[PDB]
Amino acid sequence: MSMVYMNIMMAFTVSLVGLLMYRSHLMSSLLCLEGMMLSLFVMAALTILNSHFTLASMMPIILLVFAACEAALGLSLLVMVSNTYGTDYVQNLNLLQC
Amino acid sequence: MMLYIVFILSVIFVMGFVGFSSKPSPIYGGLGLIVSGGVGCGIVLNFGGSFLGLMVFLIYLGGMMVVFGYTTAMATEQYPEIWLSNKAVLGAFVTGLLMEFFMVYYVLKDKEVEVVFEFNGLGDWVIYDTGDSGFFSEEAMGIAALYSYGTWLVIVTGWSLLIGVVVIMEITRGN
Amino acid sequence: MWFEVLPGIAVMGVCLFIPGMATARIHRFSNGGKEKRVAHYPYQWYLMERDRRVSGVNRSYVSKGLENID
Amino acid sequence: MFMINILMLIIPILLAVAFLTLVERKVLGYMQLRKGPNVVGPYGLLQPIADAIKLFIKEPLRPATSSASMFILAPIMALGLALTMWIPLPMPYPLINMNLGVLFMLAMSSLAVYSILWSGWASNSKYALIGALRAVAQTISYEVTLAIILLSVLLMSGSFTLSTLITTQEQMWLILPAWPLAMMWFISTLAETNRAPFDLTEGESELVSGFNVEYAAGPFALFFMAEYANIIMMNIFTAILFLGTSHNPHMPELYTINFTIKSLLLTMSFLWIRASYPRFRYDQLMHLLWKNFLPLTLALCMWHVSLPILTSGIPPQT
Amino acid sequence: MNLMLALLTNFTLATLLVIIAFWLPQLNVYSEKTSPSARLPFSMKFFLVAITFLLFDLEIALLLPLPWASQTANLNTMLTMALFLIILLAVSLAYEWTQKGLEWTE
Amino acid sequence: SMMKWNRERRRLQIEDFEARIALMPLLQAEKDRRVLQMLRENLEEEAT
Amino acid sequence: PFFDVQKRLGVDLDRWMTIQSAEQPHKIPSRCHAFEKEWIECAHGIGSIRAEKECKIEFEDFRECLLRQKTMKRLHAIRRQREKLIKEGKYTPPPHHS
Amino acid sequence: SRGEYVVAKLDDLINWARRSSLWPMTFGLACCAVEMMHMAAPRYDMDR
Amino acid sequence: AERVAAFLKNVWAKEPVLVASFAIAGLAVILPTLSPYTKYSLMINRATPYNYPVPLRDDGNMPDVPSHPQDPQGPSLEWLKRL
Amino acid sequence: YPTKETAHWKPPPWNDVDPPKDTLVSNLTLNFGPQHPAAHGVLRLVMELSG
Amino acid sequence: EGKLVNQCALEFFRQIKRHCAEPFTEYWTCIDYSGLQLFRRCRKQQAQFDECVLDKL
Ligand SMILES: CCCCCCCCCCCCO[C@@H]1O[C@H](CO)[C@@H](O[C@H]2O[C@H](CO)[C@@H](O)[C@H](O)[C@H]2O)[C@H](O)[C@H]1O
């Protein structure tokens with residue numbers, strides 16, 4: 001494959017590792033989730049644009065819209081967590097251990 | 001060097017990702033993503049995606065990321081720890097840039113590297129199309145077709161956005 | 001009186017007038033006294049590239065007419 | 001040659017902003033039965049220069065910032081984006097001729113909200129941050145109508161090219177077919193730029209409005225220049241959008257003169273409005289957007305999608 | 001190239017003005033002074049206006065192609081789906097309005 | 001007024017698009033020769 | 001599809017965007033239209049088990065058009081060889097090519 | 001071109017700017033604030 | 001009726017902005033189906049030639065296909081010139 | 001099967017509700033003065049706000 | 001067939017250079033001024049060129 005794909009695929013891999021390796025802030029992990037979508041948007045757009053797949057030009061928009069809507073849902077849950085505990089730390093979300 | 005604009009931008013793209021993926025304070029995490037998004041739009045522009053590129057700025061940066069920063073201020077951070085002042089954050093950041101540097105080193109030197117997939121390092125320009133003389137933008141024509149070809153897509157996408165409004169009001173009411 | 005407000009408005013007017021006047025004049029200076037060519041679509045760019053080749057001096061704004069026909 | 005063109009845009013922009021501060025004080029002065037600056041230079045023509053020198057040699061404020069990087073980034077972003085908004089404007093020819101110039105201007109303005117957010121974050125003050133968040137909520141709310149109104153007008157223009165708005169209005173100003181959209185557009189630009197009666201950042205209802213309160217801020221001059229550059233730019237955009245000037249290719253200067261007058265008059269109307277009305281409450285300007293402008297803007301968007309089709313007046317694509 | 005030069009010039013000047021705005025006062029050498037996360041508490045209403053902006057802003061993304069969409073031969077389909085989108089945007093507002101999602105009273 | 005002007009602009013667009021159509025055969029013939037010459041030239045350097 | 005409602009009702013919900021050689025706005029063709037057409041027609045009706053063997057030639061050409069992996073390998077060999085000779089002064093670029 | 005001359009003219013410039021652009025913070029505590037408000041009012045127009 | 005007219009009076013007095021919004025939207029949804037010039041929008045969009053008109057191989061029996069662009073046969077744009 | 005690593009575990013609430021004891025402090029207290037001291041100047045308003 | 005396209009074009013322009021050069025030169029010089037090369041800016045010179053070719057060719 002072309003050289004650009006190497007970096008876009010690295011970016012997805014980096015943000016995926018960032019997503020799976022939490023620290024404390026739930027917010028910092030949501031950003032990694034949005035980073036994953038951004039790299040998917042770019043890789044999809046590059047593949048579609050370069051190949052002149054005309055009708056697929058709308059696909060990156062649908063990706064962005066649905067992922068932003070899912071990000072709104074994630075942010076809403078974070079706010080409800082912050083209301084319960086006063087922080088978005090993931091270590092407070094361990095009640096269901098038992 | 002301008003003939004490798006796409007590759008240079010994609011290197012900056014990865015560096016920004018290593019930025020927020022090492023997960024500094026959320027305030028600076030949003031900054032890394034904003035820069036990555038802006039660079040990401042730049043890459044899409046250089047493939048002929050002018051409308052798609054500007055959507056990133058309008059919707060991803062001017063919309064989604066504004067709301068992230070808005071929420072971060074209210075619910076998460078008000079002041080940040082100094083970037084790269086933490087052991088794990090700095091170690092993760094150093095590790096990412098070393099991996100990126102070596103990928104870039106071998107791809108440029110051997111003109112090819114191989115990790116899961118085979119990548120060629122001749123230059124992204126070599127794959128471009130050599131025939132263009134229509135009186136319109138193909139990208140714009142494809143996006144405009146959403147309303148003629150994509151009736152079903154509009155319905156489900158429209159329904160999901162409406163349900164999003166309903167769901168988020170349900171979630172946040174608290175009773 | 002109210003017309004003593006005009007001198008400051010005149011200064012504003014001259015400042016806002018300059019960018020538009022400069023761009024028009026610089027465009028005609030750089031494109032042989034003609035408007036800078038607009039190429040929003042590949043077809044227009046294709047013809048501009050062809051003119052650059054046809055000119056013989058590597059400038060798309062140098063026009064060759066029937067004098068080149070033979 | 002292009003580098004000259006850039007400087008012949010940037011420098012006059014900064015000078016217009018400087019002397020708009022004088023015009024505002026004198027226009028507001030005469031509407032208040034007084035004069036305004038007329039001592040520092042003849043007719044106060046040196047007053048902008050005295051203010052500029054004074055501000056730049058003033059001591060920097062205290063307290064210290066919470067984030068040095070965000071403290072420095074906010075003014076750079078505000079001023080960098082403000083100047084960038086001018087590069088596609090056709091006056092009558094643009095510095096950068098974009099096929100999607102209207103979308104570029106929407107996209108760049110939506111990024112201007114970051115300087116508000118970052119300066120609130122860097123203020124090291126809980127109350128100053130809350131003030132910034134109220135300002136952001138106002139800005140993004142009125143961005144919704146600007147985008148939808150803009151989309152409605154372009155259905156008569158046919159493209160996103162700014163210079164195509166000139167061709168669209170060759171026979172007639174778009175304000176005639178679209179005066180209801182022009183009304184809401186003009187108010188949205190006031191609310192978007194935090195101008196009276198929507199200037200709640202400078203109002204009496206903020207948690208930080210108290211005179212004796214302090215928080216990290218500045219430089220004042222750079223933020224002020226960015227704001228006033230946007231006032232002029234929005235009014236230039238308003239003129240192009242609704243009061244299109246005829247362009248003669250052989251006499252472009254005539255376009256520029258007529259186009260400059262219309263922009264000046266619209267800018268003066270911002271000053272006119274500031275002199276005339278009290279200030280909105282925060283909940284009331286939210287109500288104005290969400291419960292008045294937005295329902296009517298959605299309806300007019302439906303109308304302007306349908307109207308060209310049912311009249312057989314769809315504009316060309318190129 | 002030109003657009004890159006313009007963006008570089010605009011943000012370069014903005015940067016120089018910012019640093020000299022921060023250095024020029026140090027010429028005065030003013031005297032030393034020697035005299036001076038979590039919820040905010042954040043209101044749910046301010047969060048909900050931001051979220052509503054986002055969801056409305058996503059629906060605007062779908063409406064932006066309308067000027068091009070009107071050039072199609074299938075105008076009846078295009079007009080039906082265009083009005084469908086705007087109406088669902090209105091229905092989102094109506095739902096928010098009638099559940100007091102647009103109120104500022106506590 | 002907008003309807004009349006946009007109808008005239010549509011007629012003007014058709015005129016511009018038809019000028020292109022009249023010229024496309026000449027442009028196509030040139031492009032084919034240019035492409036084939038460049039490929040032939042690349043081949044000669046490949047042999048060397 | 002798991003439930004082929006589209007075929008039963010004869011309604012096209014999403015087939016229109018599944019391949020790049022389907023009808024496009026203004027008849028804009030994708031770059032690999034001919035290759036995809038040939039592979040689809042070769043493999044049509046015979047099932048995927050047979051197609052993986054009997055349409056290998058078509059699929060290999062289609063994949064080469066998509067990602068150009070072999071074209072780039074051949075270009076890289078020529079360019080590598082060329083710069084080797086320019087280093088050794090045993091080759092000179094012609095007037096064109098400069 | 002002595003340093004005394006340049007320093008002298010630079011003093012005049014910064015002094016001119018500072019006195020020509022005096023921004024007051026009025027601490028209106030009692031009656032005197034009313035007269036301060038009459039200094040801003042049209043007859044005297046301190047803004048001028 | 002008269003109950004209906006009274007209701008329209010109460011909203012026109014209390015919510016003129018919403019009355020105007022629903023009226024404008026209602027016209028947007030109704031007038032296109034009633035307009036006689038809607039058909040011309042479709043015709044004009046189909047008269048715009050974005051692509052080259054590829055010629056047909058003349059087998060010898062296509063009477064209604066012109067051999068030259070200025071021959072009488074083929075679709076005319078006479079209706080558009082007058083419109 | 002109790003172990004040393006689950007000794008601290010306790011059965012969940014009968015109705016799944018855990019008491020809200022973490023952070024609930026939403027009333028701002030604002031020392032309020034006038035935006036401009038030209039007229040009032042000597043007003044101090046200790047206000048407690050809720051949004 | 002591509003070569004015959006060129007030869008027909010060359011003979012077409014030789015006809016204009018033979019009978020209608022001056023009206024044609026005026027017409028395309030106006031077209032060339034416009035950044036978009038607009039037909040509608042040059043209807044007066046177009047009419048002069050159209051009249052010439054109708055009479056002489
Ligand atoms: C080359 C150009 C260099 C840049 C030069 C910039 C010069 C700036 C001169 C400003 C002249 C004074 O202009 C005036 O300033 C004050 C700020 O104190 C503003 O005052 C406004 O903002 C402040 C807060 O920021 C509020 O307390 C005040 O109630 C409100 O009215 C006025 O709205 C403005 O009209």
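Per chain, numbering begins at 1; letters A, B, ... match sequence-line order. Scope of the values below: all heavy atoms of this structure, side chains included, with no hydrogens, waters or symmetry mates.
Proximity to chain E (any heavy atom under 4.5 Å) is restricted, for D:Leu129, to the side chain, taken from C-beta onward. For E:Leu75, the part lying near chain D is the side chain, with the backbone staying farther off; criterion is any non-hydrogen pair under 4.5 Å. The part of E:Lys33 that comes within reach of chain D is its side chain, from C-beta onward, which places non-hydrogen atoms under 4.5 angstrom from that chain. Heavy atoms closer than 4.5 Å to chain D are found in the side chain of E:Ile60, but not in its backbone. Within the 4.5 angstrom heavy-atom criterion, only backbone atoms of E:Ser31 (N, CA, C, O) approach chain D. Using a 4.5 Å cut-off between heavy atoms, E:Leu93 touches chain D through its side chain atoms alone. Neither the backbone nor the side chain of D:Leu289 comes within contact range of chain E, judged by heavy atoms closer than 4.5 Å. Using a 4.5 Å cut-off between heavy atoms, D:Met156 does not touch chain E at all. Heavy atoms of E:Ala21 lying under 4.5 Å from chain D belong to its backbone as well as its side chain. Proximity to chain E (any heavy atom under 4.5 Å) is restricted, for D:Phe2, to the side chain, taken from C-beta onward. For chain E, the nearby parts of D:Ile76 are the backbone and the side chain; heavy atoms of each come within less than 4.5 Å. Both the backbone and the side chain of D:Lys126 come within less than 4.5 Å of a heavy atom of chain E. Looking at D:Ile87, only its side chain comes within 4.5 Å of chain E, counting heavy atoms on both sides. Of the two parts of D:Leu207, neither the backbone nor the side chain holds a non-hydrogen atom closer than 4.5 Å to a non-hydrogen atom of chain E. With a 4.5 Å cut-off on non-hydrogen atoms, D:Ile72 touches chain E through its backbone and its side chain both. Contacts of E:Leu13 with chain D are made by side-chain atoms alone, with heavy-atom separations under 4.5 Å and no backbone atom involved. For chain D, no part of E:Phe42 is nearby; none of its heavy atoms comes within less than 4.5 Å. Both the backbone and the side chain of D:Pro295 come within contact range of chain E, with heavy atoms under 4.5 Å apart.
When only modelled atom types and interatomic distance are considered, D:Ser157 and D:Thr164 share no side-chain donor-acceptor pair under 3.5 Å.
Residue with the most contacts toward chain D among E:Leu5, E:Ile20, E:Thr105, E:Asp57: E:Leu5 (heavy-atom pairs, distance under 4.5 Å). Among D:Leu9, D:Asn5, D:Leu55, D:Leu81, the residue making the largest number of heavy-atom pairs under 4.5 Å with chain E is D:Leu81. Here D:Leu79 is the residue among D:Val136, D:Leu79, D:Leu154 with the most heavy-atom pairs under 4.5 Å with chain E. Among the candidates D:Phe160, D:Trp86, D:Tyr127, the residue making the largest number of heavy-atom pairs closer than 4.5 Å to chain E is D:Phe160. For the options D:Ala226, D:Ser306, D:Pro308, heavy-atom pairs under 4.5 Å to chain E are most numerous at D:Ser306.
Taking CE from D:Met1 and CG from E:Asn2, the interatomic distance works out to 12.5 Å, rounded to the nearest 0.5 Å. Rounded to the nearest 0.5 angstrom, E:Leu85 CG and D:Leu298 CG are separated by 11.5 Å.
Side-chain rings of D:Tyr228 and D:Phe223 stay apart, their centers remaining 6.0 Å or farther from each other.
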Side chain to side chain donor-acceptor pair (under 3.5 Å) for D:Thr65 and D:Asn124? Distances and angles first, verdict last.
CA-CA 6 Å; D:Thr65 180; D:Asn124 208 1; over 6 Å; no
Can you list the steps and then say if D:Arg62 with D:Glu214 is a salt bridge (charged side-chain N to carboxylate O under 4.0 Å, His left out)?
CA-CA 8 Å; D:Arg62 298 158 274 103; D:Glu214 302 299 313; over 6 Å; no
Step-by-step side-chain contact (heavy atoms from CB on, under 4.5 Å) determination, D:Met105 to D:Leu150:
CA-CA 11 Å; D:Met105 288 190 76; D:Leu150 195 38; over 6 Å; no
So D:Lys291 and E:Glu96, salt bridge (charged side-chain N to carboxylate O under 4.0 Å, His left out) or not? Walk me through it.
CA-CA 10 Å; D:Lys291 290 184 175 184; E:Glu96 286 257 21; over 6 Å; no
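Screening E:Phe56, E:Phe53, E:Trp97 against D:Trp290 for a ring pair (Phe, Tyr, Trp, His ring centres under 6.0 Å) leaves a single residue, E:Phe56.
Side chain of D:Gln138 to backbone of D:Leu200: no donor-acceptor contact under 3.5 angstrom is found. Side chain of D:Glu192 to backbone of D:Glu143: a donor-acceptor contact under 3.5 angstrom is found.
Applying the ring pair (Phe, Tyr, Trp, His ring centres under 6.0 Å) test to pairs two or more places apart or on separate chains, none has a residue in residues 292-314 of chain D.
With sequence neighbours left out, the side-chain hydrogen bond (donor to acceptor under 3.5 Å, both in side chains) criterion links E:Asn76 to no other residue.
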